[PDB]
Structure formats: C-alpha cells, structure tokens
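A, B, C, D, E and F label the chains in the order they appear, each numbered from 1.
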C-alpha cells in the first residue's frame, strides 16, 4: 500500500504531465493508504 | 496488556505458592494478551 | 411553489385617467412583491420595490400598496408612455415567480 | 451608466445546445448577482436561476435544473446561460437581469431571441 | 483588486498567472505540485492561510511574492497559517516584507535545501511561536546562514537576522508599525506605510478596512465580511453560498455577514437577511423535489432523518422489512409538521404508527382526490394508530378515510377525530365498520394475577383460571415480559408478528388439573431489575362470532431480588508522593442493587527475598523498580487530492470512586483490593475484589549515607 | 397490483421464500396502481439492475372485496425470467507481475 511521500510520488508518476483535478475527510489516505488500491483508482485522482 | 514471558511472570506472582489449575484454542493469550484483562481474571487461572 | 394571479387581464384606459392594478398570491407574503413595466418590444423595467417603496427614476405617478396576499399598483395619472404590460414578482421564498401580466391597452 | 448587453438572436434545430452571453458595464460586475428570466410568450415570465458573480455559485429553478446551466466570467464581466437538448417549447426570449440582488431585478438586458426550427 | 474566495493553483506552472492583478487574496492560497520567472509585487495581504507543496524550480519565495506583508490567517489549515512542505529546490523564505501573521502557527517541513530558518525572528512576526513546527529541513549546521543589519535575542542566543542573502529582516524602532525608515505608522495600520500615520496610506489594515480607511469597527450601515473588510447591506444580498438543494444567500447577524445563521438561530420569514432567535432546538426543515415521498422500505425513510418539518407528502407502503418500529422512529421520530397529506397504504408490517411521535400538525396544502389528508388502506396488521391519550394531533384541512384495516378497532379512529378536530367532516363511507375491525378484539376481559415470587434471577407468577365466554373455545395463554427501566411501557412496541423488538413471549398451556392455576417460571433474569409482565389469553373460538372478546391482563412491574454486586471496573493507581497512593476505579458492571459504598484494602508487600542474596558488584545490570508527522501528511493528502467523478488495612469510601491512602512505607509495594457493596450487602455480603499492585514514591534523600 | 422481482441465478425459484409479512429475504415488492386511462395497461419500470442478470418477476393482484365472499379468487401471474442487456465489463482485479 502507498502512503505519505511514497504515495504522492506514485501520484505524480501516474498523472505525469496530465496534472491533478481539484474543485467529508475520507480522502485518498483512507483509500490508498489505509487499504490497498490499484493504479486505476490512483489515475482517477488526476486531471482530464 | 500482559504477553509472553511478561505474562507468565505475573501469573506466577498472582498465584504465588497457590499454583495453577489444570484438567478450543481461545486461551489466555486471546484474553489477557490480545485484550486487556485485570488481575481478577488472572487469579482465576490459579489453583484453589 | 407560489403562484401570482393578477386580477385585470386587460384594462382599456384613455390617457389622463386613474387606474389600479391588482396582484394576489397563494401563500402569505409580507412584502417581497415587486412590480415591473414592460412596453412592447422592450425589456421589463422595475417600478416598485417591496410592494410600496419606489425607485429613483420612475415617475411619481406610480405607487404600490398592499401587504400579505393582496397587493395593489396604482397609476394616478395614466400617460401616453405608461401603456404596456405589467408584472408582479414574488421574492419571499424560492423560486422567484412572476404574475400572468396585465396589459394596459388604449381605450 | 449601468448596462447589460446580451448576444444576438439565435435559430437552431432541436436537440442542439446553445449559450447566451451577457456583458455588464457601468457597475462593479463582482458586486451584483445575475438573474436569468425566460419569456416564452408575453404572458409567462419564468425566473430560471441566479448566479453570484463573487463566488461563482448558482441557484436554479427546479423546472430548469436539468435544462439550464449558468456560468460567469469575472475577467470578461460576462455571464452565460447554456441550454442543452433544445425543444420547440424552449423557443423563447431570455433576459439578463442584475444590478439588484437575490430579491429584485433592477436592470434587465435587451433580451436574446432563441428559436427552435424544424 | 480582491481575489477569492479561494485560489488553488496546481499542475501547470503557467496557471500561476492568475495572480497578475491580485493585491489582496480573499481566502486561502494553494500552490501545489508545480513543475521560469514569475513576479507578483501586487500581492500584499492573504486573509486565510498560504500553502506550498512540491513546487519544483522555485528557489525562494521572494521570487513570487516580494511584497507579501500580512497573512491574517482568518481560517487556518490544521491550525497553521503558512505551510511549506516538501518544497524541492527551495533555498530560503524570501518573504522579506512579511511583518505580521495574525492567527495561526507555521509548519515548515521536509525542505532539504532550505536555509535561513534560524535567521528569522518569528517572535516579532507572529504570536504563537511555541506551537510552530520547523522539522526536517536543511540542518543549520549543514547550511551556511550568512547575512550580507540589526539583531536581537533568539531563544538564548543573540545573532543577526536576515531573510535572504541580500535582504535583511526589517524591524521597527522601540519608539513605536513603522514605514521603510524610522517613522511610526498609524495605530490602525499594520505592516508598512506608503505614508506615515495615515489611514489611506496603509499596506494592510489591522481590525477592519472600508473605503481606503483602516477603521476599528465597521461604519453603521456596513457589516463584517470575512475578517478584514466591511461591506454594505446590498453586497451580502448578492452573495450565494455553495450550491445545494437548500442553498440560499448570506445572512446579516451581530453586525456580521456570514454564510449561515449561527447555532441557536434561524432565518426570519420574508425578511430573510436576518436571523431570529429560536429558543428551542431550531428545526431542520427537509425539502424534497419529488412531490410525494414514498416510504416503501427502511432504506427509503433514511432521507427523513432528523427532519422537524416536512415540506411535502408522506406515502407509507411498507410490506416487508426488518426491525421497523425502532428504525423509522430514528428517522421519522422527529418530524412534527407535515405540510401535505399522509397515506398509509399496504403497510402490513406496521402494527402501530408510534414511530411518528412528535408529529403534532398535519396541514393540507395538497390532498388526495376527494379532499383527504389522512388516508389509510389495506393494513392487515395495524392494531392501533399512534393516537393514544398522550399524544396531540391537529389536521387543519382534509378528511380521513379508513378501509380494509381488520386489526384496527373502529373505536380507536373515532377517538382520533376528537384530537384531530374533524368529527363531522368525513362522509358515511369514509369510516365503515364492515371491513374495519373485522378481526379486532376491542372489548376484552381482564386477566387477574394471583401471586408473584421473586428471587435474584427467577420469577414465579400465576394468574387466575379463565373460563372462555363460549363453552367450546380452546383456551391458551401467552406471557409477555421484558426488562423495563421505568413504567412508561406500552403494549405495542414491535412490528407485524415478527417484531422481536422488546417483549419476550412464552406460551404456557392451561394446566390439566382444575385445582392448580396457570403460571409461568422465568429463568435467567438480571438481579435487581424491574420487569414488565402481562398475560394475554389465546381464545380459539370454534364458532367464529364477530363479537370478539379475548382476555388481557394489567401491566405488572416486578423487580428481582438483589444479589452480590460485580467487581469494580478498571482499578488504576498512582503515587503522587511518598506514603501516599491515589486509586481510582469505575462502578461495577452489574451493581445488583443501589450502590452504597466501596471497601478498599491495602496490604504491605514484602521486598523480594532473592534480591538480598546476590553480589551485585559482579552483575552488569542492577534491578530498578518504579513508583506509581504522519497524521499531518494524511490531512494534507486527504485535502489536496480530489478525484474526478502483612496485615490488611480496611477503609470505606462513602460516595466517590476515588480515594487516597495515607501513611505508607516509602518505595514499598502494596496490594490494593477494592470491593463494591450495595444496600443489601449487609445480609448478602459485599462483592469480590478487583485488585492491583502499586509502589509508593521513593523517600528523597533517604538512601544516602547518614554520617561521616 | 404488486410486482415481485428478485435476482435469480437459475430457475428453481419458489414464490415462498420469506417469513410472515416482514420476510424481506428475497422478493423486492413494488405496489403499482391500475392506470386511470383504460387504454393503457398497467406496467412497472425497474431501475438500478445488474447488467446481464436473470431476474424472476411475477405480478400479484390486490383485490379488496367489499362483499367479503369466502369464495376468494385473486389473481397471480407466472414466474417470468428476464435477463438484462450486457454492458462494458469491469476492470480486471489485482494485476500482479513479475
């Protein structure tokens, strides 16, 4: 499971130059760090 | 919580010279080590 | 929602007369009724704010009244410029609703 | 010197989307909310939504939520009223109202005629 | 030029261009995940917090915001007004014009190339210097903090103060809020000054700001907006909160312009710009887009949770379900006013409408065809409405229709229209006795109890023999018993015939011998517990006479006999001083009676005999005995990334669960036995002991040599 | 009318699978009324179903007789098995590589 600075490294790797979208604190840590998430779930945190 | 060799040290201390009774593997570790147990629960593991 | 029913559908008036328009609501509204004048081939213009208080710009001929479910718009001296459609707007709750329209045509 | 200028008349076939511009001038564009009113015929004036130019939030009429979409452009001082899946009933004259508040609509735009032709 | 109410720049380096005109940023500012030269001398004030995170290429903050003077921090990011986290290539905080941070603290973390941390005296820029967090940066021993000015005391040291390698840390003289070079600003000013002691020549105003003037309190016809400026009445009449179904404009209250009325306030009617003080718990009106809310399941009723007034219509159609009476009562138990009608159709699971407790008003904006506001139909198990002589109800407009409700006695709905106030409003076919009250047993006989015998866990109770009204009727009994804390107990608390919500039911037959009367023995009951018991008769009539009678008994409250209490819970002990031991505990799990007092015992424990024998000049370890950033990274990640859609001594403690033992041998182990008695412990005997061991504090200076 | 529908993997489905009138063990029940216009026939729209899934559907009539004739009749329909249209599959689960 990805957590902390190790997580945001994979997030910047998956999105790459695409970026991250932005626009109830059960966030990505409670999704990809508390539990195991695949890279398809990570990619949905990127931009269009 | 008491566990391992730290547990059997308290068990010999509580019983002292009284001893331990003997006569489904959810034993004392799943009672006094997995969860917190008070010394009254420990004393019931001794002899009469 | 809330519906606004304006009583006189059309009013045949000659210039110089005094006329009074009506606009009744289903629910009770203390003020929050606003009148709008719209001549032909234009955009509606505000006449009276909150049932009574007027707007700087509109002539002193127009005057509003009423409270609750009954409201009145009174043109004291109807002129050749005041001929057109009239509306009342509800604004106490959501959504904002308008009246059916009172046409002030020439008699 | 307050004034609201809307887009020109539009005539489009059913099922297509369209938006209507409305540029403000003579007043602080960010200090006043912008209303939108539909006039299908001279009898029915239908308020369809407000947008707050400060924060960008909106409040729609329930009969136009799945139909309309109000946006704003702070830099250009222009609001937009998008309408998708147009049908013959939406053929109306839409007005741009502002310089007031969420309660009254002091000034109105000249209006934009939308016609849905077969 | 004000920019807000929130700037969030990320991904694109060129997206930072949105700050080209902003001199004040209303709200927070986010510069995240950024990968050339951009200068913004316009920006000077930031109302909320400033966040920087993983910005590659940026070497100093002075490259972007050189004129940033005040970070007011009106709203904080995890109690921080400035967060510089994981900033690579960043070398120094180049905010050489930063003067005052009004509220929160600072968290500068994980900047391997950041210098000039100790060269900044944060004690004159912010107030809560104790709650700052500067960890994980470039170590000051491995940097080179060099100035190209003034200095003061930092911690216990005195050293120079500089922001970067070219600019120093600017400070005001002791005579003053000052300008560029030694001239005090206005008292209402903050930071720098375009001109000395002038209201219209201030880079940032303290308190509030209006029309170019630093004003202490807002002018009379202006109100507080955000936390730095004042706006008029027409401005907040144009603001709109975040879009929702119940999203409205902003309110004016206490001279402030907030998003929603504060706790304990509600919006006034018509004049919806001000908040009126509601005295009780202010309502939570629920407005749904669908005209008639249909409750066909417990999952569908979930949307009505916590509602006080319901703007709409209620259609109850609950065929199947789980434990429903206790579930709907969680959601719909708070509904008090229904604007429209209420229809209970095909609700076979409902035996009572008691889940609609606080419902005291039904209006009638919309009524079913025929002008009906209360309409029930085909409820095969509805034995009673929620209309018992305790609840109130008022139907303002509409009629009531009752049909095909067999278990509902027709007399119960005649009693309804008395409180409802619609006695002669309905027609003759609206309430008919043909298909209603068909299987209902209204007038029933009375079963009389005969004797009760109580122990600590068993209850023997007998009632009189019951001869049925007909000779042929087969007779049986049913015992309803449940634990009731107090007496307000109704017979209807379940659902359908499966509602195991409360009453435990046991079917006992009439004894064969006519001399012995029917009774029941209850086994396995909690000692000293009040139980509600009543018996119902099962009269299976061979001749199905629709003059149904039946027999039912009175609610009898029986409490079992007291027993030995439970052991005290969680005995903790500590030693604040020598010869003293403080002990605290919790009440027992099963008190089994009224608690009277606790009996604590402490026994001296002997020192270890094995300790005295060994020679400890050979052993290496001598025995000693005793007395008595991830969580922030999770918050930063959960907010940034949004996805797209010896003898015993004995004493009695009279009241409290805490006591202090006095007069003890210092640094000596003690066994602490604690007992729990009750009112019947004089005969039964006090409870067992939950014991703990604690050692006192060492006598200071008593283990040294007492002579020459 | 009352519509009984539930997801059935295969056809051995009996109408009795619950308990009392609260047995929500299996059948989902929706009460649809007879339409006012006599030219349109009664129907129901089911929403939120799993793609490519066989559903057992049958309709029962609710005849509230004003004259309680103990010659009870009622109306009940045949068990109809209906499978929804296929859709885009889900993503593969737990991709591991070495």
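To be clear about the criterion, a residue touches a chain if its C-beta (ideal position, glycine included) is under 8 Å from a C-beta of that chain, and two chains touch if they have at least 3 such contacts.
Path length between chain C and chain F in the touching-chain graph (shortest route): 2.
Here B-E and C-D are compared, and the pair linked by more C-beta contacts is C-D.
Nearest to the overall CA centre, using the mean of each chain's CA atoms, is chain E. Centre-to-centre, using mean CA coordinates, chain C is 50 Å away from chain E.
Taking each chain's centre as the mean of its C-alpha atoms, chain E lies 40 Å from chain F. Looking at chain C, residues 32, 94 sit in touch with two or more other chains. Across the assembly, chain D contributes 59, 62, 100, 103 as residues in contact with two or more other chains. If you check the complex, the residues on chain D that touch chain E are 31-33, 50-55, 57-59, 62, 100-103. Of all residues in chain F, those touching chain A in their complex are 91, 94-95. Chain E makes touch with chain D in their complex at residues 4-5, 234-235, 237-243, 247-249, 289. Touching chain A in their complex are the following residues of chain E: 8, 10-12, 32-33, 54, 86, 110, 630, 633-635, 637-644.
Listing the residues of chain F that touch chain E in their complex gives 2, 18-24, 27, 29-31, 62, 64, 66, 68.
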